[PDB]
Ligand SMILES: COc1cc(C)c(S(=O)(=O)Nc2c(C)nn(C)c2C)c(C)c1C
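Only one chain is shown below, in C-alpha coordinates, and it's the form deposited without the named molecule.
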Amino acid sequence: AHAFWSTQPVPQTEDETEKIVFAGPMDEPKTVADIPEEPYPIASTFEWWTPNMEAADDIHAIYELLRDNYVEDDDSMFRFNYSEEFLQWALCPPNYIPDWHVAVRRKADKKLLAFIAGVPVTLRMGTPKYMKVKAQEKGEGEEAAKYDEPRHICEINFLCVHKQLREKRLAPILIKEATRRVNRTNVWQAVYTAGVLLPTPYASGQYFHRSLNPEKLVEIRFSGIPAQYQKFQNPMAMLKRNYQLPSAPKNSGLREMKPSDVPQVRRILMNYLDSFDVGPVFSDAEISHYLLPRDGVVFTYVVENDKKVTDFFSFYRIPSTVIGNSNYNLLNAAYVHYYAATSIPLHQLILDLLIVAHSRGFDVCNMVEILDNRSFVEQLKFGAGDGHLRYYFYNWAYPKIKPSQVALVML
(Lines give C-alpha, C1' and ligand atoms only; values in the text may rest on other atoms or scores of the structure.)
Protein backbone atom coordinates (compact mmCIF):
# COMPACT_ATOMS: atom_id res chain seq x y z
CA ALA A 1 0.00 0.00 0.00
CA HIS A 2 2.88 2.49 0.63
CA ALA A 3 5.96 1.55 -1.50
CA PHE A 4 7.87 4.48 0.01
CA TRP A 5 6.50 5.02 3.48
CA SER A 6 6.75 1.33 4.33
CA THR A 7 10.60 1.65 3.95
CA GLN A 8 10.93 4.60 6.38
CA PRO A 9 11.39 4.86 10.20
CA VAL A 10 7.80 5.86 11.08
CA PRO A 11 5.05 3.88 12.79
CA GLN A 12 3.24 1.86 10.12
CA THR A 13 -0.21 1.45 11.58
CA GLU A 14 -2.53 2.72 14.30
CA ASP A 15 -2.09 -0.70 15.89
CA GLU A 16 1.67 -0.20 16.13
CA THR A 17 1.00 3.37 17.39
CA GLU A 18 -1.29 2.04 20.10
CA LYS A 19 1.60 -0.07 21.56
CA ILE A 20 4.02 2.96 21.88
CA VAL A 21 4.24 4.05 25.49
CA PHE A 22 7.60 6.14 25.62
CA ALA A 23 9.01 8.79 23.34
CA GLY A 24 12.25 7.74 21.62
CA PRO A 25 13.82 6.97 18.25
CA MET A 26 12.41 4.35 15.82
CA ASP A 27 15.99 3.61 14.22
CA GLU A 28 18.82 4.17 16.88
CA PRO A 29 21.00 6.81 15.02
CA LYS A 30 24.06 6.09 13.23
CA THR A 31 26.71 8.83 12.95
CA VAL A 32 27.40 11.47 10.34
CA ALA A 33 30.33 9.33 9.09
CA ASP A 34 27.79 6.55 8.22
CA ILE A 35 25.85 8.83 5.93
CA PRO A 36 26.67 8.98 2.18
CA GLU A 37 28.67 12.09 1.43
CA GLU A 38 27.26 12.39 -2.03
CA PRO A 39 23.79 13.41 -3.07
CA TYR A 40 21.33 10.75 -3.65
CA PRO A 41 21.36 9.52 -7.19
CA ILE A 42 19.00 11.24 -9.60
CA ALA A 43 18.16 10.75 -13.25
CA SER A 44 21.02 11.95 -15.47
CA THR A 45 18.73 14.61 -16.98
CA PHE A 46 17.86 16.29 -13.63
CA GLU A 47 20.09 18.01 -11.15
CA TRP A 48 20.02 18.98 -7.44
CA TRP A 49 20.02 22.74 -6.75
CA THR A 50 20.30 24.51 -3.39
CA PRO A 51 18.57 27.95 -3.76
CA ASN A 52 19.74 30.87 -1.68
CA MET A 53 16.44 31.83 0.06
CA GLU A 54 17.87 35.19 1.08
CA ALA A 55 18.57 36.15 -2.60
CA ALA A 56 15.64 37.78 -4.15
CA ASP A 57 15.91 36.00 -7.52
CA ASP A 58 16.19 32.51 -5.99
CA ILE A 59 13.25 33.27 -3.71
CA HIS A 60 11.35 34.32 -6.79
CA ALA A 61 12.06 31.12 -8.61
CA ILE A 62 10.81 29.01 -5.69
CA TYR A 63 7.77 31.42 -5.26
CA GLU A 64 6.70 30.72 -8.87
CA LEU A 65 6.92 27.00 -8.44
CA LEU A 66 4.71 27.13 -5.36
CA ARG A 67 2.34 29.71 -6.81
CA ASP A 68 1.58 27.43 -9.75
CA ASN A 69 1.94 23.94 -8.18
CA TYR A 70 1.48 24.00 -4.40
CA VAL A 71 -1.58 22.91 -2.38
CA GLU A 72 -5.03 23.30 -4.00
CA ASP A 73 -8.43 22.17 -2.98
CA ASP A 74 -10.04 19.14 -4.70
CA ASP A 75 -12.31 21.31 -6.84
CA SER A 76 -9.32 23.36 -7.96
CA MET A 77 -10.87 26.69 -6.85
CA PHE A 78 -8.02 27.93 -4.64
CA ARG A 79 -4.27 27.38 -4.62
CA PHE A 80 -1.91 28.66 -1.91
CA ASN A 81 0.09 31.77 -2.96
CA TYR A 82 2.68 32.15 -0.20
CA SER A 83 4.52 35.43 -0.84
CA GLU A 84 8.20 35.95 -1.52
CA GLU A 85 8.53 37.87 1.77
CA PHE A 86 6.76 35.04 3.63
CA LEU A 87 9.11 32.44 2.15
CA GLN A 88 12.24 34.33 3.17
CA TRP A 89 10.74 34.66 6.67
CA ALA A 90 9.66 31.04 7.05
CA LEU A 91 12.79 29.47 5.52
CA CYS A 92 15.55 31.67 7.07
CA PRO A 93 15.06 31.69 10.83
CA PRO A 94 18.10 32.08 13.19
CA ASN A 95 20.76 29.43 12.55
CA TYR A 96 18.98 28.03 9.53
CA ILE A 97 20.98 25.64 7.38
CA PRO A 98 21.02 26.66 3.68
CA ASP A 99 21.68 23.08 2.53
CA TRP A 100 18.25 21.98 3.99
CA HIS A 101 16.58 23.97 1.16
CA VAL A 102 16.53 21.31 -1.61
CA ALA A 103 15.32 21.74 -5.19
CA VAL A 104 15.48 19.74 -8.41
CA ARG A 105 15.95 21.45 -11.82
CA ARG A 106 15.63 20.06 -15.34
CA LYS A 107 19.18 20.34 -16.75
CA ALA A 108 18.32 21.28 -20.33
CA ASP A 109 15.97 24.15 -19.91
CA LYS A 110 16.96 24.77 -16.21
CA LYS A 111 13.13 24.31 -15.34
CA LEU A 112 12.43 24.08 -11.63
CA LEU A 113 10.75 20.79 -11.03
CA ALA A 114 10.49 20.27 -7.24
CA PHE A 115 11.32 21.64 -3.82
CA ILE A 116 11.34 20.66 -0.15
CA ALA A 117 12.62 22.72 2.79
CA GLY A 118 13.83 22.00 6.31
CA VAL A 119 14.44 24.55 9.11
CA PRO A 120 15.81 24.00 12.63
CA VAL A 121 13.35 23.84 15.57
CA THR A 122 13.95 23.20 19.23
CA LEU A 123 11.12 20.93 20.26
CA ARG A 124 9.86 19.40 23.54
CA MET A 125 8.94 15.91 22.33
CA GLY A 126 9.40 13.72 25.42
CA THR A 127 6.81 11.32 26.70
CA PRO A 128 3.42 13.06 27.08
CA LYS A 129 1.81 13.72 30.50
CA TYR A 130 -0.88 11.01 30.33
CA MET A 131 1.81 8.38 29.42
CA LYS A 132 4.12 9.60 32.19
CA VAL A 133 1.30 8.90 34.63
CA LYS A 134 0.84 5.44 33.19
CA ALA A 135 4.64 4.89 33.51
CA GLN A 136 4.63 6.05 37.16
CA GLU A 137 1.74 3.63 37.90
CA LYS A 138 3.97 0.75 36.68
CA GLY A 139 7.36 1.83 38.07
CA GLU A 140 8.71 2.95 34.63
CA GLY A 141 9.40 6.69 35.25
CA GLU A 142 13.02 6.72 34.29
CA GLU A 143 12.40 5.13 30.83
CA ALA A 144 9.55 7.60 30.32
CA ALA A 145 11.78 10.58 31.15
CA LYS A 146 14.72 9.74 28.95
CA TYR A 147 13.94 12.33 26.26
CA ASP A 148 12.45 15.05 28.32
CA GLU A 149 14.98 17.74 27.38
CA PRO A 150 14.11 19.96 24.31
CA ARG A 151 15.67 18.49 21.17
CA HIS A 152 17.23 20.32 18.16
CA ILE A 153 15.41 18.77 15.20
CA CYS A 154 14.22 19.57 11.61
CA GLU A 155 10.80 20.99 10.62
CA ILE A 156 9.87 20.05 7.02
CA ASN A 157 7.51 22.10 4.84
CA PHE A 158 6.92 23.21 1.24
CA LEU A 159 7.24 19.79 -0.42
CA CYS A 160 6.14 20.42 -4.02
CA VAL A 161 6.47 18.59 -7.34
CA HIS A 162 5.55 20.38 -10.60
CA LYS A 163 2.18 19.34 -11.98
CA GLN A 164 3.83 17.92 -15.17
CA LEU A 165 5.95 15.56 -13.01
CA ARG A 166 3.28 14.16 -10.69
CA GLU A 167 3.02 10.42 -9.93
CA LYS A 168 6.54 9.72 -11.11
CA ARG A 169 7.97 8.96 -7.58
CA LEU A 170 9.98 12.21 -7.47
CA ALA A 171 8.64 13.14 -3.96
CA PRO A 172 10.34 10.12 -2.28
CA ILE A 173 13.63 11.13 -4.03
CA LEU A 174 13.27 14.71 -2.57
CA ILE A 175 12.47 13.27 0.85
CA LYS A 176 15.44 10.86 0.82
CA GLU A 177 17.82 13.68 -0.18
CA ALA A 178 16.48 16.08 2.44
CA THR A 179 16.83 13.30 5.04
CA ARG A 180 20.47 12.72 3.99
CA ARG A 181 21.30 16.47 4.27
CA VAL A 182 19.73 16.63 7.71
CA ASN A 183 21.42 13.46 8.89
CA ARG A 184 24.81 14.85 7.64
CA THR A 185 24.29 17.61 10.35
CA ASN A 186 23.76 14.99 13.01
CA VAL A 187 19.93 15.51 13.24
CA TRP A 188 17.87 12.40 13.10
CA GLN A 189 14.22 13.46 13.67
CA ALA A 190 11.86 15.72 11.87
CA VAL A 191 8.37 17.10 12.43
CA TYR A 192 5.93 17.82 9.60
CA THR A 193 2.23 18.27 9.03
CA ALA A 194 -0.08 17.43 6.12
CA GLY A 195 -3.77 17.62 5.37
CA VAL A 196 -3.51 14.10 3.92
CA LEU A 197 -3.36 10.84 5.87
CA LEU A 198 0.03 9.12 5.80
CA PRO A 199 1.64 6.49 8.04
CA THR A 200 1.10 7.55 10.93
CA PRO A 201 0.06 10.78 12.75
CA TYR A 202 0.76 11.30 16.40
CA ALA A 203 -2.05 13.99 16.57
CA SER A 204 -4.85 15.26 14.34
CA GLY A 205 -6.98 18.48 14.61
CA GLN A 206 -9.81 19.88 12.65
CA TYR A 207 -9.43 23.18 10.82
CA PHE A 208 -11.63 26.14 11.89
CA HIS A 209 -12.56 29.30 9.97
CA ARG A 210 -14.02 32.66 11.10
CA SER A 211 -15.62 34.70 8.32
CA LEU A 212 -14.45 38.29 8.18
CA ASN A 213 -15.85 39.36 4.69
CA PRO A 214 -18.70 36.86 4.19
CA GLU A 215 -19.99 38.57 0.99
CA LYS A 216 -16.59 37.99 -0.72
CA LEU A 217 -16.34 34.48 0.69
CA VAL A 218 -19.71 33.57 -0.79
CA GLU A 219 -18.93 35.26 -4.14
CA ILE A 220 -15.74 33.20 -4.56
CA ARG A 221 -17.47 30.04 -3.25
CA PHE A 222 -15.28 29.58 -0.25
CA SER A 223 -18.55 29.74 1.78
CA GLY A 224 -22.26 29.48 0.87
CA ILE A 225 -25.21 31.21 2.51
CA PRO A 226 -26.25 28.61 5.14
CA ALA A 227 -29.80 27.32 4.84
CA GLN A 228 -30.89 28.85 8.07
CA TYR A 229 -30.40 32.30 6.53
CA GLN A 230 -32.99 31.63 3.74
CA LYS A 231 -35.88 32.29 6.00
CA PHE A 232 -34.88 35.98 5.96
CA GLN A 233 -35.93 38.58 3.44
CA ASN A 234 -32.24 39.48 2.85
CA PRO A 235 -30.08 36.33 3.66
CA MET A 236 -26.82 38.07 2.80
CA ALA A 237 -27.53 41.14 4.90
CA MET A 238 -28.24 38.93 7.85
CA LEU A 239 -25.07 36.87 7.26
CA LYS A 240 -23.02 40.13 7.18
CA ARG A 241 -24.66 41.20 10.41
CA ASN A 242 -23.91 37.91 12.10
CA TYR A 243 -20.17 38.34 11.39
CA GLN A 244 -19.87 42.06 11.92
CA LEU A 245 -16.95 43.22 14.12
CA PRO A 246 -15.94 46.45 15.85
CA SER A 247 -13.86 48.82 13.78
CA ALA A 248 -11.13 49.34 16.39
CA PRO A 249 -9.68 47.09 19.07
CA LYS A 250 -11.36 46.91 22.43
CA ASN A 251 -8.40 46.18 24.77
CA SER A 252 -6.86 49.04 26.40
CA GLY A 253 -3.20 49.23 25.73
CA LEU A 254 -3.09 47.13 22.56
CA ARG A 255 -0.24 48.16 20.31
CA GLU A 256 2.18 46.53 17.86
CA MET A 257 5.07 44.55 19.34
CA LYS A 258 8.51 46.19 19.24
CA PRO A 259 12.03 44.91 19.89
CA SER A 260 12.04 45.95 23.51
CA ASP A 261 9.08 43.62 24.17
CA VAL A 262 11.07 40.46 23.13
CA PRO A 263 12.11 39.36 26.68
CA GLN A 264 8.63 39.75 28.22
CA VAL A 265 6.89 38.08 25.22
CA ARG A 266 9.43 35.24 25.40
CA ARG A 267 8.79 34.76 29.13
CA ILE A 268 4.99 34.70 28.92
CA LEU A 269 4.93 32.55 25.79
CA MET A 270 7.33 29.99 27.14
CA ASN A 271 5.54 29.78 30.42
CA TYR A 272 2.24 29.15 28.54
CA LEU A 273 3.69 26.61 26.06
CA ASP A 274 5.06 24.54 28.97
CA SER A 275 1.61 23.23 29.67
CA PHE A 276 1.49 21.33 26.34
CA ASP A 277 3.14 18.03 25.63
CA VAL A 278 4.66 18.93 22.21
CA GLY A 279 5.82 22.52 21.72
CA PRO A 280 8.74 24.77 20.59
CA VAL A 281 11.34 26.42 22.70
CA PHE A 282 12.35 29.83 21.36
CA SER A 283 15.43 31.88 22.14
CA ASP A 284 15.23 35.65 22.18
CA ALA A 285 16.51 35.66 18.59
CA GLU A 286 13.75 33.25 17.54
CA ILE A 287 11.01 35.25 19.32
CA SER A 288 12.34 38.34 17.40
CA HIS A 289 12.33 36.49 14.12
CA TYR A 290 8.91 34.76 14.39
CA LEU A 291 6.99 37.47 16.18
CA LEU A 292 8.21 40.96 15.35
CA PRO A 293 5.90 42.53 12.81
CA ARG A 294 6.76 42.17 9.12
CA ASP A 295 4.58 43.96 6.54
CA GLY A 296 2.38 41.60 4.65
CA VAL A 297 3.71 38.59 6.56
CA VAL A 298 3.32 38.51 10.39
CA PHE A 299 1.29 40.82 12.61
CA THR A 300 1.85 40.87 16.42
CA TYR A 301 0.24 42.97 19.12
CA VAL A 302 0.86 43.25 22.78
CA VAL A 303 -1.39 44.39 25.62
CA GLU A 304 0.61 46.90 27.61
CA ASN A 305 -0.90 48.85 30.45
CA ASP A 306 1.00 50.70 33.13
CA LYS A 307 4.33 49.87 31.51
CA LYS A 308 3.96 46.09 31.60
CA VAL A 309 3.23 43.66 28.71
CA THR A 310 0.71 41.12 30.03
CA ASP A 311 -0.69 39.49 26.84
CA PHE A 312 0.02 39.22 23.12
CA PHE A 313 -1.29 37.62 19.99
CA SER A 314 0.14 37.07 16.46
CA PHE A 315 -1.25 36.09 13.09
CA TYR A 316 0.33 35.56 9.71
CA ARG A 317 -0.94 36.06 6.17
CA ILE A 318 -1.16 33.43 3.40
CA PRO A 319 -3.18 34.53 0.38
CA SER A 320 -4.63 31.98 -2.05
CA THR A 321 -5.12 32.39 -5.79
CA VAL A 322 -8.84 32.35 -6.70
CA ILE A 323 -8.94 30.41 -10.01
CA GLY A 324 -11.48 32.03 -12.59
CA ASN A 325 -13.66 34.61 -10.80
CA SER A 326 -14.29 37.83 -12.64
CA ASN A 327 -14.52 39.90 -9.41
CA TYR A 328 -11.61 38.64 -7.28
CA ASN A 329 -8.20 37.10 -7.80
CA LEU A 330 -7.13 36.46 -4.19
CA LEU A 331 -8.45 35.08 -0.88
CA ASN A 332 -6.66 36.98 1.87
CA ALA A 333 -6.43 34.66 4.92
CA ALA A 334 -5.11 35.41 8.42
CA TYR A 335 -3.84 32.43 10.41
CA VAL A 336 -3.75 32.40 14.24
CA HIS A 337 -0.07 32.14 15.28
CA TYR A 338 1.27 32.17 18.95
CA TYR A 339 -0.42 34.04 21.71
CA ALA A 340 -0.45 34.21 25.56
CA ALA A 341 -2.95 35.73 27.92
CA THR A 342 -2.24 36.56 31.57
CA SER A 343 -4.56 39.57 32.24
CA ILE A 344 -7.70 38.86 30.18
CA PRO A 345 -9.62 35.88 29.00
CA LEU A 346 -8.40 34.34 25.76
CA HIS A 347 -11.65 35.11 23.91
CA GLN A 348 -11.21 38.85 24.77
CA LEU A 349 -7.57 38.76 23.38
CA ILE A 350 -8.55 36.89 20.24
CA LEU A 351 -11.51 39.13 19.51
CA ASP A 352 -8.95 41.92 18.97
CA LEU A 353 -7.03 39.60 16.56
CA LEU A 354 -10.27 39.30 14.49
CA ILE A 355 -10.85 43.10 14.68
CA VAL A 356 -7.33 43.90 13.54
CA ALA A 357 -7.36 41.32 10.77
CA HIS A 358 -10.72 42.58 9.48
CA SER A 359 -9.53 46.22 9.65
CA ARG A 360 -6.49 45.23 7.56
CA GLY A 361 -8.54 43.63 4.78
CA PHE A 362 -8.35 39.93 5.61
CA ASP A 363 -11.29 37.84 4.43
CA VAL A 364 -11.20 34.91 6.87
CA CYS A 365 -9.25 33.88 9.97
CA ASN A 366 -8.08 30.29 10.10
CA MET A 367 -6.67 28.02 12.79
CA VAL A 368 -6.47 24.39 13.89
CA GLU A 369 -7.78 23.09 17.29
CA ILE A 370 -4.28 23.12 18.84
CA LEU A 371 -3.13 25.25 21.87
CA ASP A 372 -6.35 26.55 23.66
CA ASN A 373 -7.99 27.39 20.41
CA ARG A 374 -11.13 25.38 21.36
CA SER A 375 -11.77 27.78 24.25
CA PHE A 376 -12.98 30.66 21.99
CA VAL A 377 -14.47 28.83 18.98
CA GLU A 378 -18.18 29.32 19.90
CA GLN A 379 -18.19 32.81 21.21
CA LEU A 380 -16.07 34.13 18.39
CA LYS A 381 -18.17 32.32 15.74
CA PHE A 382 -15.49 29.99 14.33
CA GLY A 383 -16.83 26.98 12.56
CA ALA A 384 -15.07 23.70 11.77
CA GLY A 385 -14.07 23.24 8.20
CA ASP A 386 -13.59 20.08 6.07
CA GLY A 387 -10.64 17.80 6.71
CA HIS A 388 -7.96 17.59 9.33
CA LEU A 389 -4.34 18.73 9.92
CA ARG A 390 -2.25 15.69 10.84
CA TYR A 391 1.06 16.04 12.81
CA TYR A 392 3.83 13.58 12.15
CA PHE A 393 7.35 12.78 13.30
CA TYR A 394 10.12 11.15 11.29
CA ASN A 395 12.14 8.59 13.31
CA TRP A 396 10.33 9.21 16.58
CA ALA A 397 7.97 6.81 18.37
CA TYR A 398 5.37 8.86 20.10
CA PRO A 399 2.11 7.98 21.90
CA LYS A 400 -1.01 9.48 20.34
CA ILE A 401 -1.97 12.81 21.86
CA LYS A 402 -4.98 15.07 21.61
CA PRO A 403 -4.47 18.23 19.47
CA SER A 404 -5.09 20.33 22.67
CA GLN A 405 -1.67 18.97 23.73
CA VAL A 406 0.10 20.38 20.61
CA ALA A 407 1.65 23.87 20.81
CA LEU A 408 3.62 23.86 17.49
CA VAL A 409 2.10 26.19 14.84
CA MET A 410 3.11 24.94 11.42
CA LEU A 411 3.37 27.73 8.72
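Note that residue numbering follows the sequence shown and begins at 1.
Quick note: we don't show the form solved in complex with the named molecule, though the next part is all about it.
- Message: Can you tell me whether the pocket in this form is open or blocked when the named molecule is overlaid from where it sits in the deposited bound form, based on ligand atoms within 2.4 Å of backbone or C-beta (3 or more = blocked)?
- Response: Pocket open on this form.
- Of the listed stretches (65-73, 43-51, 29-37, 349-357), which one has a non-hydrogen atom within 4.5 Å of the named molecule in the deposited bound form? Looking at the other structure, the answer is 65-73.
- Query: Which listed residue (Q88, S320, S288, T300) meets the criterion of a heavy atom within 4.5 Å of the named molecule in the deposited bound form?
  - Reply: In short, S320.
- Query: Heavy atom within 4.5 Å of the named molecule in the deposited bound form: which of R266, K132, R151, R79?
  - Reply: By the 4.5 Å heavy-atom cutoff, the listed residue in contact is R79.
- Query: With the partner left out here, if you bring back the named molecule in the deposited bound form, are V119, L123 and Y202 all within 4.5 Å of it by some heavy atom?
  - Reply: None of them does, since no heavy atom lies within 4.5 Å of the partner.
- Query: Would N366 count as a contact of the named molecule in the deposited bound form, using a 4.5 angstroms cut-off between non-hydrogen atoms?
  - Reply: Yes, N366 sits close enough to the named molecule in the deposited bound form that at least one of its heavy atoms falls within 4.5 Å.
- So in the deposited bound form, does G195 come within 4.5 Å of the named molecule, heavy atom to heavy atom? Answer yes; at least one heavy atom of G195 falls within 4.5 Å of the named molecule in the deposited bound form.
- Would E378 count as touching the named molecule in the deposited bound form under a 4.5 Å heavy atom rule? Contact check for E378: no, nothing within 4.5 Å of the named molecule in the deposited bound form.
- Item | 4.5 angstroms heavy atom contact with the named molecule in the deposited bound form for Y229 | Answer no; every heavy atom of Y229 is more than 4.5 Å from the named molecule in the deposited bound form.
- Query: Mind listing which residues of 317-347 have a heavy atom within 4.5 Å of the named molecule in the deposited bound form?
  - Reply: Result: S320, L331, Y335.
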